[PDB]
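What's counted below: heavy atoms across the whole structure, side chains too, no hydrogens, waters or symmetry copies. Lettering follows sequence order; numbering is per chain, from 1.
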Amino acid sequence: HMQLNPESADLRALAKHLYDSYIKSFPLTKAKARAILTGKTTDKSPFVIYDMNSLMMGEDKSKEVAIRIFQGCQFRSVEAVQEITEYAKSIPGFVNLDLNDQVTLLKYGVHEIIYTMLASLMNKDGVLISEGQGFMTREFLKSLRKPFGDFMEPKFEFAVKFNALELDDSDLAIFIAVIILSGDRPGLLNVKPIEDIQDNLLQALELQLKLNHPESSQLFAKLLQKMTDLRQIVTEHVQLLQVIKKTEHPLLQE
Amino acid sequence: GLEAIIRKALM
């Protein structure tokens, strides 16, 4: 039977530490994204891009529409890798790992975290863009010419099922830490200390999900099954990017 | 180029 003992209080302090660090690293949280999407915020109402005309008018608030949108997508990804790297530094034990392994964990991790957290900004209609100032519809993205039309669709399909788990920011802060500390990334030098951190993060995640979700007893198992489906999303995503690079950022340049 | 961004952000 579950007890509030020293071990559980340390897992709760670890959960609080990751949450606090999550709030510092990521400007738009799920709590705020959900208040925007549900119209329960006093903050400015996002501009909706639902057709070509609203996109032209919206670019106000490269020659071809599909390629300008792909370029915004690519630049936001650079920013996202920086936020995730800043969060990774706050995970206890992470900065103590071989720097080469810190780089490998983030290199193979950031895409899975990007699509986990993008689900927070998605509903059935579309996705919040430019830190919650715009909203771009799923059907408008899907309307873009091949091969751009199918770029975001698998992320929406993932988000529909992922969002039905109803995770909050407290849940996601630990879940993203579990993803980063994956001992199975290729070319890791020293696996054991990564799995030791992951074990403690899995314990903290299980406890989090039991306290926070009284109505889904196997939510822990269900969340681990998703880390499996994120792999496949990232595979298809990398494949589509290779296709686009063969067929068609200020900080990168420096 | 993913490594480039990560190494810089870790510094």
Side-chain angles (χ1 to χ4, degrees), chain A residues 15-16 18-61 69 72-73 76-77 79-80 83-84 87 112-144 151-179 205 208-220 222-223 225-227 229-230 233:
Chain A
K16 173 81 190 321
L18 293 167
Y19 175 69
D20 290 336
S21 164
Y22 177 102
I23 296 306
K24 175 164 188 235
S25 311
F26 302 111
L28 181 52
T29 66
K30 179 164 178 186
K32 180 60 181 290
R34 288 299 118 182
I36 296 162
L37 289 166
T38 60
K40 309 283 193 223
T41 181
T42 48
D43 202 348
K44 155 197 274 294
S45 299
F47 185 99
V48 180
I49 296 166
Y50 63 91
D51 66 8
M52 282 299 168
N53 291 357
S54 54
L55 171 92
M56 303 305 228
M57 181 171 298
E59 265 177 316
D60 267 277
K61 336 145 150 270
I69 296 172
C73 176
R76 167 68 200 132
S77 81
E79 216 178 24
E83 293 163 355
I84 300 159
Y87 175 69
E112 298 167 12
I113 299 158
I114 278 166
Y115 299 124
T116 298
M117 291 185 67
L118 192 53
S120 297
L121 310 200
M122 287 175 157
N123 69 14
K124 75 164 247 174
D125 294 331
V127 64
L128 289 174
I129 65 165
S130 196
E131 288 187 19
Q133 289 171 263
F135 184 82
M136 197 173 294
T137 74
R138 176 173 179 179
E139 284 295 334
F140 176 68
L141 286 167
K142 193 157 144 205
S143 88
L144 297 174
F151 189 88
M152 282 308 300
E153 259 304 279
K155 286 76 155 191
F156 279 106
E157 288 282 10
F158 167 76
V160 154
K161 302 172 149 191
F162 191 76
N163 286 350
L165 300 185
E166 320 218 277
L167 302 189
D168 67 21
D169 291 306
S170 280
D171 307 318
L172 288 165
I174 319 173
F175 174 69
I176 276 151
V178 166
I179 292 169
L205 180 57
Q208 172 58 32
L209 296 177
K210 288 179 171 348
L211 299 186
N212 202 27
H213 286 100
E215 331 225 57
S216 15
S217 290
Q218 290 296 312
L219 182 52
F220 183 57
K222 189 54 59 171
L223 204 30
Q225 294 174 307
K226 298 297 177 190
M227 293 173 199
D229 317 330
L230 274 169
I233 270 84

Between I36(A) and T41(A), which heavy-atom pair has the shortest distance, and what is it?
-> CA-CG2, 4.0 Å

To the nearest 0.5 Å, what is the distance between CG (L55(A)) and CG (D51(A))?
-> 8.5 Å

Distance in Å, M52(A) CE paired with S143(A) OG, rounded so as to fall on 0.5 Å steps | 5.0 Å

With the side chain counted from C-beta on, respond yes when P27(A) and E83(A) share a heavy-atom pair under 4.5 Å apart, and no when they do not.
-> yes

Just grab all the salt bridge (charged side-chain N to carboxylate O under 4.0 Å, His left out) pairs involving residues 121-139 of chain A, residues at least two apart or on different chains.
-> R138(A)-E153(A), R138(A)-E157(A), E139(A)-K142(A)

Does the pair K222(A) and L165(A) meet the rule for a side chain to side chain contact (heavy atoms under 4.5 Å, CB included), with working shown?
-> CA-CA 8 Å; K222(A) 189 54 59 171; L165(A) 300 185; 3.7 Å; yes

Check: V127(A) and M152(A) side chains under 4.5 Å, non-hydrogen atoms | no

Carboxylate-amine/guanidinium contact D229(A) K161(A), below 4.0 Å = no

Do you know the tightest heavy-atom contact between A33(A) and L121(A)?
-> CB-CD2, 3.5 Å

Do you know which two heavy atoms are closest between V48(A) and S54(A), and how far apart they sit?
-> O-CB, 3.6 Å

Can you name the nearest heavy-atom pair linking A119(A) to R34(A), along with the distance?
-> O-NH2, 3.4 Å

Find the distance between CD1 (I129(A)) and CG (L118(A)) and round it off to the nearest 0.5 Å.
-> 11.0 Å

Hey, mind stepping through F47(A) and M57(A) against side chain to side chain contact (heavy atoms under 4.5 Å, CB included) and telling me if it holds?
-> CA-CA 10 Å; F47(A) 185 99; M57(A) 181 171 298; 3.9 Å; yes

Rounded distance [0.5 Å steps], CG in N212(A) versus CG in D171(A) | 4.5 Å

For the side chain of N163(A) and the backbone of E166(A), is there at least one donor-acceptor N/O pair under 3.5 Å apart?
-> no

Provide the closest heavy-atom pair for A159(A) versus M122(A) in the form atom of the first, atom of the second, distance.
-> CB-SD, 3.5 Å

Presence of salt bridge, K226(A) and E112(A), under 4.0 angstrom | no

When rounded to the nearest 0.5 Å, the distance separating CG of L141(A) from CZ of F156(A) is 5.5 Å

Are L167(A) and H213(A) close enough, and set up right, to give a side chain to side chain contact (heavy atoms under 4.5 Å, CB included), and what steps lead you there?
-> CA-CA 9 Å; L167(A) 302 189; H213(A) 286 100; 4.2 Å; yes

Taken in chain and number order and not counting sequence neighbours, the residues that satisfy ring pair (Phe, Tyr, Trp, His ring centres under 6.0 Å) with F135(A) are none

Can the positive tip of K30(A) be found less than 6.0 Å from the middle of the six-membered ring of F26(A), inside 45° of the ring normal?
-> no

For the salt bridge (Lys or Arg N to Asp or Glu O under 4.0 Å) test, which of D43(A), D169(A), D168(A) pairs with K32(A)?
-> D43(A)

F220(A) atom CZ, over 12 foreign heavy atoms within 6.0 Å = yes

Under 6.0 Å from the CE atom of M56(A), do we count more than 12 heavy atoms belonging to anything else shown?
-> no

For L128(A) and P46(A), the nearest pair of non-hydrogen atoms, with its separation, is CD2-CG, 3.9 Å

Residue pairs fulfilling ring-ring contact (aromatic ring centres under 6.0 Å, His included) with at least one residue in residues 112-134 of chain A, sequence neighbours excluded = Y115(A)-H237(A)

One should read off an interatomic distance between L172(A) CG and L18(A) CG, to the nearest 0.5 angstrom, of 12.0 Å

Taking the side chain as C-beta and beyond, is there a heavy-atom pair between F162(A) and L223(A) under 4.5 Å?
-> yes

Check the surroundings of atom OH in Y19(A): do more than 12 heavy atoms from other residues, nucleotides or ligands lie under 6.0 Å from it?
-> no

Hey, mind stepping through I69(A) and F140(A) against side chain to side chain contact (heavy atoms under 4.5 Å, CB included) and telling me if it holds?
-> CA-CA 11 Å; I69(A) 296 172; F140(A) 176 68; 3.7 Å; yes

Does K24(A) come within less than 4.0 Å of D20(A), counting only side-chain N to carboxylate O?
-> no

Hey, can you tell me if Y22(A) and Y87(A) have their rings parallel, tilted or perpendicular (30° and 60° cut-offs)?
-> perpendicular

